[PDB]
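Novice: This is the structure I want to talk about, given as structure tokens.
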Amino acid sequence: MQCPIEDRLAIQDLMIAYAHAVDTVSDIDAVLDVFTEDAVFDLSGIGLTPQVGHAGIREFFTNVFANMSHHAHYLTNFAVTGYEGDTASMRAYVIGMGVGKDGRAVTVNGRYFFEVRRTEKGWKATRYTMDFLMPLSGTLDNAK
Amino acid sequence: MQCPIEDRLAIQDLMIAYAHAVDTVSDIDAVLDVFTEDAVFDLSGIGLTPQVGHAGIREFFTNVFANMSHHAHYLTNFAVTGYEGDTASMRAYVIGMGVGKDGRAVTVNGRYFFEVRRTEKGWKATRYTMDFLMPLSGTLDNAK
Amino acid sequence: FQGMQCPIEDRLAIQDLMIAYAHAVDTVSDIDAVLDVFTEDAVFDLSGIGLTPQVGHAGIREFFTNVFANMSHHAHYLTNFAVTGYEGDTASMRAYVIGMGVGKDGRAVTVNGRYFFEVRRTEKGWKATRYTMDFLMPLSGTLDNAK
């Protein structure tokens, strides 16, 4: 079945909201609000240890936010890759830029893969994975 | 108040029209058509001198277009941040690239903030501000 | 006199076709998926960024057989989508591209440019009948792995 335009834009907006929360370099609560409590936050596709649940996502961003100075996550090329009414999936391209407090830059040219579920507070992410389109530029050490 | 999809897309289109006008590196009338007659064009958030009104905005671009050779303003991550019916607010990320006639490059990784009004000729910008997501690469001297 | 307004469903369908084209290019392999974007008769004319024009599926297939043979990685980011024309069963759309690649020879390329798609409604949906490009910034790298 076809994804309603309303839901396509909602899911895009969730992803853009996640980018905004990361790009604060501070607002963990805003990051967590994107995800269900049980969410799989699995960035093993770019070489980072998987995390599950809000506690794991919090740990991840406590570290990232402590280590990073500036961030910008540009999301483009949104495509609905599945829709089953109460659940959906969406792909986007990312230009994920950062500079650490240690001065070291990073740019990821890759893809975000979101799985989402319709909840009483809107669409939320149940699973998030990634991969590369280009070889990593710089370092992911400040996210480890 | 939720912004209708038709208006959301119209406001995005306006912002993309602005980027197109800037990227002509010549069409000041097209730039001015984005803006209300009394619009605030305030780029102080990226270090430039603010202007108010079409005369000011024309001055700003007479200089920029005199000094620049090539422009590209990629806009992404659009988000409605306010909607009051006849007024609205939208955020976008920009990758703002330029090369001067003097050969000096600039890239702004930042954000646009548009405030818009519904007019007899469609949505138009009443205020435009910016800030950075990453430290400025290159120079904004060709826009001063 | 207002031109005929492009319906939202069609605007999104045409955007999606262009994003599908980028996806196909970014497989660095799937010529069939690339060709699915175009009418059999399509004009594939990238002379605006310095490449030789092609016409039809045969020509597009030749083009990508070469590109895919020479390239290691691709990323084609498309942004600033704008409907530039709509006549009902035909339309046109502009997009900005950040077209990135690295060759098997290790040479990088980045195109900062624009895509211009002219599309037609078919029984299998909107398809591209003409595709052209130009630059917003001076080419970074070579398009020799696309030549």
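So you can find residues: chains in the structure tokens are A, B, ... in the order shown, residues in each start at 1, and ligands are numbered from 1 in order.
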Could you list, with a cut-off of 8 Å and counting only C-alpha atoms, the residues of chain A near chain B, each shown with its nearest atom pair and the distance in Å rounded to one decimal, rows sorted by chain and ascending number, as JSON lines?

Specialist:
```
{"residue": "A:6", "atom": "CA", "partner": "B:5", "partner_atom": "CA", "distance": 8.0}
{"residue": "A:13", "atom": "CA", "partner": "B:79", "partner_atom": "CA", "distance": 7.1}
{"residue": "A:16", "atom": "CA", "partner": "B:77", "partner_atom": "CA", "distance": 5.7}
{"residue": "A:23", "atom": "CA", "partner": "B:133", "partner_atom": "CA", "distance": 7.6}
{"residue": "A:70", "atom": "CA", "partner": "B:134", "partner_atom": "CA", "distance": 5.9}
{"residue": "A:71", "atom": "CA", "partner": "B:133", "partner_atom": "CA", "distance": 6.3}
{"residue": "A:72", "atom": "CA", "partner": "B:133", "partner_atom": "CA", "distance": 5.8}
{"residue": "A:74", "atom": "CA", "partner": "B:77", "partner_atom": "CA", "distance": 6.5}
{"residue": "A:75", "atom": "CA", "partner": "B:77", "partner_atom": "CA", "distance": 6.1}
{"residue": "A:76", "atom": "CA", "partner": "B:76", "partner_atom": "CA", "distance": 6.7}
{"residue": "A:98", "atom": "CA", "partner": "B:134", "partner_atom": "CA", "distance": 7.7}
```

Novice: List the spatial neighbours of region 53-64 of chain C as a ChimeraX atom specification - criterion: any atom at most 9 Å away, only C-alpha atoms, same-chain residues fewer than 3 positions off excluded.

Specialist: /C:25,28-32,34-35,38-47,67-69,146-147

Novice: Using the chain letters and numbers from this document, which residues of chain B does DSSP assign to strand (DSSP E or B), as number ranges by chain?

Specialist: B: 35-41, 51-52, 68-83, 87-100, 105-119, 122-132, 137-138

Novice: With distances taken over only C-alpha atoms, which residue among C:143, C:136, C:12, C:24 lies nearest chain A?

Specialist: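 Of C:143, C:136, C:12, C:24, the one nearest chain A is C:12, counting only C-alpha atoms.
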
Novice: Find the residue from C:113, C:14, C:128, C:23 that sits nearest to residue 97 (chain B); use only C-alpha atoms when measuring.

Specialist: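 With only C-alpha atoms as the atom set, the closest residue is C:113.
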
Novice: Can you check which residues of region 28-125 of chain C DSSP gives as helix (DSSP H, G or I) on the backbone and send them as a list in words?

Specialist: residues 31, 32, 33, 34, 35, 47, 48, 49, 56, 57, 58, 59, 60, 61, 62, 63, 64, 65, 66, 67, 68, 69 and 70 of chain C

Novice: Based on the selection just made, write N, CA and C atoms of those residues as a CSV table (one decimal), in the first residue's frame.

Specialist:
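Result saved to part_33.csv:
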```
chain,number,residue,atom,x,y,z
C,31,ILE,N,22.5,-0.8,-14.4
C,31,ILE,CA,22.2,-0.1,-15.7
C,31,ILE,C,20.7,-0.2,-15.9
C,32,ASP,N,20.1,-1.3,-15.6
C,32,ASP,CA,18.7,-1.5,-15.8
C,32,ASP,C,17.8,-0.5,-15.0
C,33,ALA,N,18.2,-0.2,-13.8
C,33,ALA,CA,17.6,0.8,-12.9
C,33,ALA,C,17.8,2.2,-13.5
C,34,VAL,N,18.9,2.4,-14.1
C,34,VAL,CA,19.2,3.7,-14.7
C,34,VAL,C,18.2,3.9,-15.8
C,35,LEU,N,18.2,3.0,-16.7
C,35,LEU,CA,17.4,3.0,-17.9
C,35,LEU,C,15.9,3.1,-17.6
C,47,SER,N,26.2,17.7,-22.4
C,47,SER,CA,27.1,18.6,-23.0
C,47,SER,C,27.3,19.9,-22.2
C,48,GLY,N,26.3,20.2,-21.4
C,48,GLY,CA,26.5,21.3,-20.5
C,48,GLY,C,27.6,21.2,-19.4
C,49,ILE,N,28.0,20.0,-19.1
C,49,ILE,CA,29.2,19.8,-18.2
C,49,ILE,C,30.3,19.2,-19.0
C,56,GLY,N,18.6,7.7,-26.4
C,56,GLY,CA,17.9,6.4,-26.4
C,56,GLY,C,18.6,5.5,-25.4
C,57,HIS,N,18.0,4.4,-25.1
C,57,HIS,CA,18.5,3.4,-24.1
C,57,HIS,C,19.9,2.9,-24.5
C,58,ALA,N,20.1,2.7,-25.8
C,58,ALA,CA,21.3,2.1,-26.3
C,58,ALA,C,22.5,3.1,-25.9
C,59,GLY,N,22.3,4.4,-26.1
C,59,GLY,CA,23.3,5.4,-25.8
C,59,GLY,C,23.5,5.6,-24.3
C,60,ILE,N,22.5,5.6,-23.5
C,60,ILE,CA,22.6,5.7,-22.1
C,60,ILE,C,23.3,4.5,-21.5
C,61,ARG,N,23.0,3.3,-22.0
C,61,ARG,CA,23.6,2.1,-21.6
C,61,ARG,C,25.2,2.1,-21.8
C,62,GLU,N,25.5,2.7,-23.0
C,62,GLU,CA,26.9,2.8,-23.4
C,62,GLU,C,27.6,3.7,-22.3
C,63,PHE,N,27.0,4.9,-22.1
C,63,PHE,CA,27.5,5.9,-21.2
C,63,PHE,C,27.8,5.2,-19.8
C,64,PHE,N,26.8,4.5,-19.2
C,64,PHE,CA,27.0,4.0,-17.9
C,64,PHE,C,27.8,2.7,-17.9
C,65,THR,N,27.9,1.9,-18.9
C,65,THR,CA,28.8,0.8,-19.0
C,65,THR,C,30.2,1.3,-18.7
C,66,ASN,N,30.5,2.5,-19.2
C,66,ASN,CA,31.8,3.1,-19.1
C,66,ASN,C,32.0,3.7,-17.7
C,67,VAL,N,31.1,4.5,-17.3
C,67,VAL,CA,31.2,5.1,-15.9
C,67,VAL,C,31.3,4.1,-14.9
C,68,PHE,N,30.5,3.0,-14.9
C,68,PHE,CA,30.5,2.0,-13.9
C,68,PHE,C,31.8,1.2,-13.9
C,69,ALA,N,32.4,1.0,-15.1
C,69,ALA,CA,33.6,0.3,-15.2
C,69,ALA,C,34.8,1.1,-14.6
C,70,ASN,N,34.7,2.4,-14.6
C,70,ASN,CA,35.8,3.3,-14.2
C,70,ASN,C,35.7,3.8,-12.8
```

Novice: Go through chain C and flag each residue having an atom no more than 7 Å from chain A; for those, report the closest pair of atoms plus their distance in Å to one decimal, using only C-alpha atoms, ordered by chain and rising number, as a tab-separated table.

Specialist:
```
residue	atom	partner	partner_atom	distance
C:19	CA	A:77	CA	5.8
C:73	CA	A:134	CA	5.9
C:74	CA	A:133	CA	6.4
C:75	CA	A:133	CA	5.9
C:77	CA	A:77	CA	6.5
C:78	CA	A:77	CA	6.1
C:79	CA	A:76	CA	6.7
```
